[PDB]
Amino acid sequence: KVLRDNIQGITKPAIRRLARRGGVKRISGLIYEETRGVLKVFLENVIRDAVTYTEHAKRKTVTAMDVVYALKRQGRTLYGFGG
Amino acid sequence: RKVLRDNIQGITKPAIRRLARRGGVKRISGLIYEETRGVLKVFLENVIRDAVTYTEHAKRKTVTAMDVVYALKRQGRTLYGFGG
Amino acid sequence: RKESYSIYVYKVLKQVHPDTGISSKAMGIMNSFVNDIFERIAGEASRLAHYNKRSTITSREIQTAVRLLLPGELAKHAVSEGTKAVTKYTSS
Amino acid sequence: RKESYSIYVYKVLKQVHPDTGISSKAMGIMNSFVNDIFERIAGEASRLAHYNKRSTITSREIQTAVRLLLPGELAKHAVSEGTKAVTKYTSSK
Amino acid sequence: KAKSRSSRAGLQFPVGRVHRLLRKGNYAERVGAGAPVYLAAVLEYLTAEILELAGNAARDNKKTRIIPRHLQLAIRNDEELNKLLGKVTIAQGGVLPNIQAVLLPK
Amino acid sequence: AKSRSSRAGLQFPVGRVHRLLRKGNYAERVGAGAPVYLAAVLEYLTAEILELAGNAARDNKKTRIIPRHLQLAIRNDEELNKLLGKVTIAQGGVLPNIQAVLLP
Amino acid sequence: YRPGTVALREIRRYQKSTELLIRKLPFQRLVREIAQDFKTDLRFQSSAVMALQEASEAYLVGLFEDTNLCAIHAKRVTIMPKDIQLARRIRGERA
Amino acid sequence: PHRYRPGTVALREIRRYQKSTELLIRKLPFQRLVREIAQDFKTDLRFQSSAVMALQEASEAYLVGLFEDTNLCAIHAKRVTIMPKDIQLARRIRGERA
Ligand SMILES: [Cl-]
Ligand SMILES: [Cl-]
Ligand SMILES: [Cl-]
Ligand SMILES: [Cl-]
Ligand SMILES: [Cl-]
Ligand SMILES: [Cl-]
Ligand SMILES: [Cl-]
Ligand SMILES: [Cl-]
Ligand SMILES: [Cl-]
Ligand SMILES: [Cl-]
Ligand SMILES: [Cl-]
Ligand SMILES: [Cl-]
Ligand SMILES: [Cl-]
Ligand SMILES: [Cl-]
Ligand SMILES: [Cl-]
Ligand SMILES: [Cl-]
Ligand SMILES: [Cl-]
Ligand SMILES: [Cl-]
Ligand SMILES: [Cl-]
Ligand SMILES: [Cl-]
Ligand SMILES: [Cl-]
Ligand SMILES: [Cl-]
Ligand SMILES: [Cl-]
């Protein structure tokens with residue numbers, strides 16, 4: 001059936017710039033795919049919990065606050081989205 | 001009221017070695033014993049400090065197992081077996 | 001003076017392994033475990049009620065908290081077992 | 001959903017840096033900060049009251065929660081500001 | 001004597017006590033009647049899961065009685081319980097026997 | 001000494017803090033001292049981060065605090081950094097810091 | 001310029017900067033695809049997608065920092081998958 | 001396999017200590033450390049025995065956990081020997097020093 005592979009929308013230069021921000025001087029070619037895997041697992045975890053909040057509230061629109069709460073569940077506190 | 005001093009040295013080379021063995025460590029540099037003492041002392045000070053904060057809040061002078069379990073929760077460690 | 005669940009943990013042990021005993025140390029571990037999981041689930045159900053401006057923790061808040069807190073198959077099986085309990089209680 | 005402290009943050013900004021402003025995105029961060037810290041201290045004050053079978057949160061639970069949650073040096077300063085405020089409110093009050 | 005809430009729900013864990021504990025914690029202004037039933041059900045299931053695994057570990061080692069070690073072996077050998085309990089220390093549990101392959105003679 | 005805040009010597013809102021402690025499922029009762037002490041601490045910590053973020057603004061010749069300055073303030077302060085060790089400041093960036101071994 | 005010199009210049013540039021580094025629309029399609037796996041007919045507030053993006057980028061940069069220290073520990077300058085895997089193991093993100 | 005080097009002895013020690021559950025630091029010295037540390041924070045504090053035992057179980061589990069990560073860090077650097085820099089890497093990634 002349909003190809004659902006949007007992880008591949010995350011581009012080599014985006015990953016390289018995140019690594020430079022993390023202070024990385026040189027990057028093996030194998031890290032790009034590895035990175036896409038870790039990012040997918042992160043996002044699956046967060047989004048699974050955020051839609052859990054949404055569904056519990058009987059809403060069909062995921063709000064920033066659903067995401068803030070889902071992040072807290074992963075042990076991450078995000079500032080700037082309460083307003 | 002004896003003034004206790006230098007008891008970190010009661011954490012001996014053999015004790016530390018037995019801990020690393022349980023931790024699956026095959027070989028140990030001679031510098032890790034002092035490093036380990038330092039790491040243990042910090043962990044313990046942090047825990048005991050929160051434990052006593054619980055004890056003093058309750059206006060007790062005796063630190064209980066539950067004071068310790070609560071302190072550990074504050075470090076994000078959950079200890080099982082001492083709720084009795 | 002944490003809650004003791006010993007009696008009930010014994011009853012479950014006899015259902016699952018009629019054979020086997022349990023030491024008092026091991027029982028202390030099980031008691032810690034029940035209290036810990038109870039507090040995680042109720043603490044989350046309390047946050048859910050508050051987020052949604054509800055005065056009330058129902059079995060819906062408990063269910064959602066179980067889904068949030070438990071991994072994978074454990075969550076599915078615990079959701080199923082909770083749902084069964086509520087259906088049987090409501091019937092009887 | 002979350003409480004806004006913008007007015008108060010701004011009043012505090014004018015005391016500590018009178019000639020500095022703050023962007024609206026930075027004000028959003030500050031709000032998230034006050035809410036987060038409020039929730040941490042209140043949740044710990046609540047655990048403490050339950051642990052000690054007290055049905056009331058008093059300034060003593062708040063104080064102990066502050067010593068538990070803040071790193072040691074910062075807790076000193078915070079405990080001292082909390083105590084001052086309670087002393088003023090309780091004095092001429 | 002009236003039929004216990006636990007009986008009515010088909011459970012061993014105490015529904016009545018669970019309802020009182022939820023109210024005693026001030027988690028919310030009100031606690032609905034299904035809440036403690038669903039909660040007791042879950043606590044009982046998870047307990048059953050662990051005691052099953054631990055009972056097994058006790059047999060895999062020729063023992064008739066669960067000690068903390070068997071609970072630890074139970075939890076650490078199970079992908080989901082290990083995750084659930086990732087920040088938990090079991091007193092007197094020790095660790096899983098496991099040596100890194102690089103450290104072993106070829 | 002007219003509003004509850006004013007009596008306490010505070011900018012942060014004591015009456016409002018009391019109300020929030022009451023609505024939050026924290027205890028059956030909240031005494032009058034609790035919201036005073038909590039407001040003072042919230043006010044003190046706010047001032048700490050503004051002092052420091054204001055300083056970061058002035059170091060980069062700005063006169064307006066942005067999220068960047070909040071990030072710099074927190075990450076350069078050992079105490080605030082420990083307090084907020086699991087916090088992400090949206091649009092904060094990271095500290096300029098390159099490992100010595102990577103320099104020519 | 002020399003590739004090591006270029007990298008270091010890129011580090012200084014990306015560390016002064018706060019802009020998001022992943023393209024907004026590609027990220028948004030990724031979020032939508034993942035959400036659709038769990039529940040069809042879900043919509044996202046645009047600020048929910050932005051929250052996700054801020055957290056994801058923060059996460060990945062933090063992870064690259066640890067990855068880098070792992071590389072330097074093994075006396076390499078080049079990050080490899082094994083550096084990511086070590087960092088995630090110690091972080092407790094995988095077992 | 002290989003025969004009795006320190007290598008072979010270390011491995012038996014690992015097997016032996018991963019098999020048992022007993023605490024590995026002597027109890028009276030541990031207690032004396034606890035009491036010494038508590039002498040700063042407060043004078044005239046007492047410790048229930050089970051409190052000191054709770055502190056010991058937690059401390060030893062923390063060190064053993066930390067030694068596990070440290071080992072992975074040594075192995076990463078192609079060493080069998082753990083060093084302070086291995087501890088310090090582990091602690092940094094754990095966030096205990098960051
Ligand atoms: Cl691009
Ligand atoms: Cl590169
Ligand atoms: Cl917020
Ligand atoms: Cl030594
Ligand atoms: Cl050795
Ligand atoms: Cl317990
Ligand atoms: Cl209900
Ligand atoms: Cl009060
Ligand atoms: Cl003053
Ligand atoms: Cl009861
Ligand atoms: Cl009741
Ligand atoms: Cl097993
Ligand atoms: Cl093995
Ligand atoms: Cl007021
Ligand atoms: Cl985040
Ligand atoms: Cl290299
Ligand atoms: Cl590799
Ligand atoms: Cl990995
Ligand atoms: Cl022992
Ligand atoms: Cl002694
Ligand atoms: Cl622990
Ligand atoms: Cl070596
Ligand atoms: Cl070294």
Side-chain angles (χ1 to χ4, degrees), chain A residues 4 6-7 9-10 14-15 18 34-57 59-82, chain C residues 40 44 47-48 51 64-72 75, chain D residues 1-2 32 36, chain E residues 83-84 86-87, chain F residues 85-92, chain G residues 20-38 40 42 44-64 66 84 87-88 91-95:
Chain A
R4 341 174 66 235
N6 285 115
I7 196 59
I10 315 298
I15 297 169
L18 294 157
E34 198 75 12
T35 302
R36 288 185 187 99
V38 313
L39 174 63
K40 192 168 201 29
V41 167
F42 183 79
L43 273 169
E44 287 174 345
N45 289 345
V46 184
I47 291 164
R48 184 197 201 121
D49 289 344
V51 316
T52 296
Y53 285 111
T54 302
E55 280 172 347
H56 180 268
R59 284 183 280 100
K60 275 170 26 171
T61 300
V62 183
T63 61
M65 203 50 52
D66 293 336
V67 170
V68 169
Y69 272 68
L71 287 159
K72 201 46 200 306
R73 288 255 44 259
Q74 331 299 139
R76 302 177 52 86
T77 295
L78 179 63
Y79 282 5
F81 292 91
Chain C
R40 298 191 200 185
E44 187 56 47
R47 291 195 295 273
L48 281 155
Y51 187 28
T64 299
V66 171
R67 297 190 196 272
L68 294 171
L69 299 159
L70 270 53
Chain D
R1 186 49 203 149
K2 291 218 188 174
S32 289
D36 181 21
Chain E
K83 190 174 179 42
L84 183 56
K87 288 181 255 264
Chain F
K86 317 270 210 24
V87 168
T88 300
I89 311 304
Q91 290 293 286
Chain G
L20 287 168
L21 303 169
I22 296 175
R23 298 173 299 151
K24 276 178 157 46
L25 266 297
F27 189 77
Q28 182 171 59
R29 291 189 301 271
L30 172 63
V31 161
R32 233 131 51 184
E33 168 191 299
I34 290 158
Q36 210 104 38
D37 258 322
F38 298 123
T40 31
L42 275 159
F44 275 82
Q45 287 189 335
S46 68
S47 69
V49 182
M50 290 312 291
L52 284 162
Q53 195 167 170
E54 288 288 344
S56 297
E57 289 200 25
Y59 173 69
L60 290 175
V61 344
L63 181 60
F64 280 126
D66 291 353
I84 302 177
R88 300 186 74 235
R91 278 152 77 105
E93 290 176 33
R94 78 164 181 80

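Each chain gets a letter, A, B and so on, in the order its sequence line appears, and its residues count up from 1.
Between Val62(A) and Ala48(G), the shortest heavy-atom distance links the atoms O-CB, 3.4 Å. Between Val67(A) and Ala51(G) the shortest heavy-atom distance is CG1-CB, 3.8 Å. Across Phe44(G) and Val49(G), no two heavy atoms sit closer than the pair CB-CG2, 3.7 Å. When all heavy atoms of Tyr53(A) and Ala70(A) are compared, the pair lying nearest together is CE1-N, 3.8 Å. Closest approach of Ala87(G) and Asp66(G) over heavy atoms only: CB-CB, 3.7 Å. Closest approach of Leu71(A) and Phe42(A) over heavy atoms only: CD2-CZ, 4.1 Å.
Annotation: side chain of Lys60(A) is not in contact with side chain of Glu55(A) (no heavy-atom distance under 4.5 Å). Between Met50(G) and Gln45(G), the closest side-chain pair of non-hydrogen atoms is not below 4.5 Å.
Separating the CG atom in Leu68(C) from the CZ atom in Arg48(A) is a distance of 10.5 Å, to the nearest 0.5 Å. Going from atom CD of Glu44(A) over to atom CG of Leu39(A) covers 9.5 Å, rounded to the nearest 0.5 Å. Rounding to the nearest 0.5 Å places CD of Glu93(G) at 11.0 Å from CD1 of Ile84(G). Expressed to the nearest 0.5 Å, how far OG1 of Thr35(A) lies from CD1 of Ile15(A) amounts to 5.5 Å. Taken from CD in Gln74(A) to CG in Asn45(A), the straight-line distance is 5.5 Å, to the nearest 0.5 Å. Rounding to the nearest 0.5 Å places CG of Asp49(A) at 11.0 Å from OG1 of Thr64(C).
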Kindly indicate, with the supporting measurements, whether the criterion side-chain contact (heavy atoms from CB on, under 4.5 Å) is fulfilled by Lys72(A) and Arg47(C). CA-CA 11 Å; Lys72(A) 201 46 200 306; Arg47(C) 291 195 295 273; over 6 Å; no

Could you check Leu30(G) against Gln53(G) for side-chain contact (heavy atoms from CB on, under 4.5 Å), going step by step and ending with a plain yes or no? CA-CA 11 Å; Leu30(G) 172 63; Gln53(G) 195 167 170; over 6 Å; no

Under the criterion side-chain contact (heavy atoms from CB on, under 4.5 Å), I'd like the reasoning laid out for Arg32(G) against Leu42(G): C-alpha separation, chi angles, the key distance, then a yes or no. CA-CA 8 Å; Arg32(G) 233 131 51 184; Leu42(G) 275 159; over 6 Å; no

Let's go through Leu60(G) and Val38(A) carefully: what are the C-alpha distance in whole Å and the side-chain angles of both, what is the deciding distance for side-chain contact (heavy atoms from CB on, under 4.5 Å) to 0.1 Å, and is it a yes or a no? CA-CA 9 Å; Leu60(G) 290 175; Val38(A) 313; 4.0 Å; yes

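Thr54(A) and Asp66(A) form a side-chain donor-acceptor contact under 3.5 Å, judged by distance and modelled atom types alone. Using modelled atom types, one finds no donor on one side chain facing an acceptor on the other under 3.5 Å when comparing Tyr79(A) with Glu54(G).
Counting non-hydrogen atoms of other residues, nucleotides and ligands closer than 6.0 Å to NZ of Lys83(E) gives a total of 12 or fewer. Within a 6.0 Å sphere centred on NZ of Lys2(D), other residues, nucleotides and ligands contribute more than 12 heavy atoms. Counting heavy atoms of neighbouring residues, nucleotides and ligands inside a 6.0 Å radius, atom CZ of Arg67(C) does not exceed 12 of them.
A donor-acceptor pair under 3.5 Å is absent between the side-chain atoms of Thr40(G) and the main chain of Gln36(G), judged by distance alone. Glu57(G) places a side-chain N or O within donor-acceptor distance of the main-chain N or O of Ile22(G), the cut-off being under 3.5 Å. Of the possible donor and acceptor atoms, none in the side chain of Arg23(G) sits under 3.5 Å from a partner among the backbone N and O of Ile10(A). A side-chain donor-acceptor contact under 3.5 Å links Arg76(A) to the backbone of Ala55(G). A donor-acceptor distance shorter than 3.5 angstrom exists from the side chain of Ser32(D) to the backbone of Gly80(A), with no hydrogens or angles considered.
Taking the six-membered ring where the residue is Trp, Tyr51(C) and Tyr69(A) present parallel rings, their angle staying beneath 30° rather than reaching 60°.
Electrostatic pairing of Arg4(A) and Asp37(G) counts as a salt bridge here, judged by a charged N lying under 4.0 Å from a carboxylate O.
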